[PDB]
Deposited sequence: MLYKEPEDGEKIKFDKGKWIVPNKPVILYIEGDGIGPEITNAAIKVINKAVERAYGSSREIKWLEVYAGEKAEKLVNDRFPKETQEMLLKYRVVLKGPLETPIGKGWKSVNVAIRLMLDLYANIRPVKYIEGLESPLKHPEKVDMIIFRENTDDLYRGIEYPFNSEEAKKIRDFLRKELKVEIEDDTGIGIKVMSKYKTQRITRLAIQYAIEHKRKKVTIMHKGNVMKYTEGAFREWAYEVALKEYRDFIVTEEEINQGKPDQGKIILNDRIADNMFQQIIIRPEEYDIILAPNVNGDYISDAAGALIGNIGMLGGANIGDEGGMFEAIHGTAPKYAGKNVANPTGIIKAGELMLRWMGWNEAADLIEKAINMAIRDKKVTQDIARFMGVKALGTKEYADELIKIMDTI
């Protein structure tokens, strides 16, 4: 066989969207292409120190590397070998480096049905920003990632399918539509909306987040994004009644002191407020297309998109990756910045409920960057000698040793 499963650890379990983690959970990891190996191994080192520094030996991640991408092709002549697939369906938790494509990421998300795209973006003390006052940027985007126009139901204007549609709309729905038109079908599912929503609220509860904001354009798209809003409130008030409190209730007399706030904002407003007063957002709940855009903008609030981490969560598993590519320019040069993959580590740790260790990582990074101990991607702007990938991780390690 290709992989030797660590007979020392146990697989993570899920009763109903909730993670049940063993003290020695087996976690898979894929180095990635290009800078992948250098930054991933660095992260794994940092994660371990953080785990031992927070729990001593009472907890330990039993890492299991699997092959995917260029390394897999070179070893077994298959970019996504069957055995890799088997370990993924069996352990379902993976930290993976960047993969190039001319799609492993797609396949993984689909076989584990990771419908929720999670994007946390928090300001890091020390980093330059395009914003004058980003000190309070501490939000996390929950993007439904299987619905909306991403379904791909569209047709060219000169196609026969488009014609059948125009014809059908004119007769049955009495809707007027010209011939020179491209056509796409925007779909919004109640089940899909209730899924992400339940996940967004459960997350707020367990991590003491104080607000969930539903992003939508329900005034022009009443039955798609409008319905998204409705279904979101609906399931929130029916299944999390004792934990939440709408905004229309707060300014209605009801008490919110000790509960999670749930409000909604028009797409337009958010694209404006994220720039003017981003501190207003805590958890952002959005359908597929809006969350994609909000994430791009949110992500831009802080310098170097390469220091952000993210994930794809399903009801029984998750994939954690940095928000960047392979950067073949630096492959094997010990120059790339591992903060991105490390932050995916921070995120994974939080999902696992191992917050003490995730806070250690978050704290060491803050301290290292404010202390001018950074990689070239940052050093090149603060006039200092950049640290290498390996040296930087180690600096994070010794820092965690005394905080």
In sequence order, the deposited-sequence ranges that have no modelled C-alpha atom: 103-108
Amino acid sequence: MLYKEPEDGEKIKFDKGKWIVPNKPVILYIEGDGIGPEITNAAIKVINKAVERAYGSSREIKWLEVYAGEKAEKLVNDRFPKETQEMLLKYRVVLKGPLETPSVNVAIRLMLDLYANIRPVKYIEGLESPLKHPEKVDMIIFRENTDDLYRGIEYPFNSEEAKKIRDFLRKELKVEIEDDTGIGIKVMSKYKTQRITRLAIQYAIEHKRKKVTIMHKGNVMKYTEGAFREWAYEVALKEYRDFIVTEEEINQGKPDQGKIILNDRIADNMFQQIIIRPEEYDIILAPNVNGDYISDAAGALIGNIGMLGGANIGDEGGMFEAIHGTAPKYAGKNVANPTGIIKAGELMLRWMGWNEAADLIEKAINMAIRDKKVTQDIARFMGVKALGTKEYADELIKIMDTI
From here on, numbers count along this sequence of modelled residues.
Once average C-alpha B-factors are taken from the entry for 242-250 and 135-143, the winner is 242-250
Which of 229-237 and 178-186 has higher mean CA B factor, as the PDB entry lists it: 229-237
Could you tell me which one of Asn288, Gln257, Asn312, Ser295 shows the highest CA temperature factor in the PDB record? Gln257
Residue with highest C-alpha B-factor in the PDB entry, from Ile47, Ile39, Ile30, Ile369: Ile369
Using the B-factors in the PDB entry, rank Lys122's C-alpha atom against the chain and give the third, lowest, middle or highest. middle
On the chain's distribution of Cα B-factors, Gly9 falls within the third called highest
Ordered by C-alpha B-factor within the chain, which third holds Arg195? Give me lowest, middle or highest, please. middle
Lowest, middle or highest third: where is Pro22 by C-alpha B factor in its chain? middle
Compared with the other modelled residues in the chain, in which third is the CA B-factor of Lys343? lowest
